[PDB]
Each structure stands twice: as C-alpha cells, then as structure tokens.
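Consider the single chain below, provided in structure tokens and representing the form solved without the named molecule.
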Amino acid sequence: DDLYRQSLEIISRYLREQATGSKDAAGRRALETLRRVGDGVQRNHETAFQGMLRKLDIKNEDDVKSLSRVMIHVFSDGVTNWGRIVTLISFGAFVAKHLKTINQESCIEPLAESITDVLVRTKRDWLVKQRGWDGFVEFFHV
C-alpha cells in the first residue's frame, strides 16, 4: 500500500517535528502545506483542542492505545472534506506536543499509525478520488 506508506511518512514526520519543535517529491510539497495549514488550525482552534485533550485524559502509553481504538469512528457523520482531515492531523500534532511534555515521546509513532490507519481505512476511496496528497496540496494552494 503506497498510499498508506506515503500518508504514514507525511503524518509521522509532521507529528514528530511538532513535538520536537524543529523542522527536519509529492510528500515534500504535502509536508510544506501541512506545516502551513496544520500550524494555522492549531493556532485558531487552541482553546477547542485544549478541551478535547483534557477530556481524553492522556497520561500514559495505554491512553494513546485507547485513543488508537476510538480513532476508527472519528468521521461518523458522513461529512468528508479536506478540512476534516487536516483537523484530525492538527489535533494529532497537538496531542504529540502534550506527549513530549508528559515524557511519553515514544507514543508519537503509534498515534501517527492510528491517525493514518483511520484516514486510509475509512477514507481510501475518497482520498484516491481526491488525487491523494497531490490533491491535498492543490486544494490548499494560495
């Protein structure tokens, strides 16, 4: 699965750099877009993201594993768009930041696997029709 591998690489590299706080062909352009759009979503939805993080109660490895299981039903209302996808990835970046502060940095990779698993499992057909990561870049171009 070239799409899962590419998406995992994009989401994991984005979440790992957001936690660390330092920035590390199609995937290259997608990452640049995700850095701009993602940081923007985290900045404008910081209060909503704080409430969601407090509600989930992430303190250890198991809490990330429970978040991994509940993740498969995030888009249950049948509304699909790039905005909803970037909101999940941005919230994932927000939870990745919190994981670095609670000394649980090893939890960033399974969190990235779970976010990617849900996008590619429940939204594969949609993502493929949308030209995947090329589509993501073209949609957010300004």
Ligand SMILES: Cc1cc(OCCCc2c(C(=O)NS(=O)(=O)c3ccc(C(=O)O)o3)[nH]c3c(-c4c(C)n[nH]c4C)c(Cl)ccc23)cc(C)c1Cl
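The first residue of the shown sequence is 1; numbering continues from there.
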In terms of residues present in the deposited sequence but not modelled, what lies between residue 24 and residue 25: none, 1 to 3, 4 to 9, or 10 or more?
4 to 9
Please compare 110-118 with 80-88 and name the stretch with the higher mean C-alpha B-factor in the deposited structure.
110-118
Give the stretch, out of 126-134 and 9-17, with the larger mean C-alpha temperature factor in the deposited entry.
9-17
Third of the chain's Cα B-factor distribution that residue 37 belongs to, per the entry:
lowest
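Absent from the display: the form deposited with the named molecule bound. The rest refers to it.
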Given the named molecule as it appears in the deposited complex, superposed onto the chain shown via the C-alphas lining its site, indicate whether the pocket is open or blocked by backbone or C-beta atoms at a 2.4 Å cut-off with 3 or more atoms counting as blocked.
open
Of these, 45, 59, 35, 100, which has a heavy atom no more than 4.5 Å from the named molecule in the deposited complex?
45
4.5 Å heavy atom contact, residue 31 and the named molecule in the deposited complex
no
Is there any non-hydrogen atom of residue 87 lying within 4.5 Å of the named molecule in the deposited complex?
yes
When the contact criterion is heavy atoms within 4.5 Å, does residue 115 count as touching the named molecule in the deposited complex?
yes
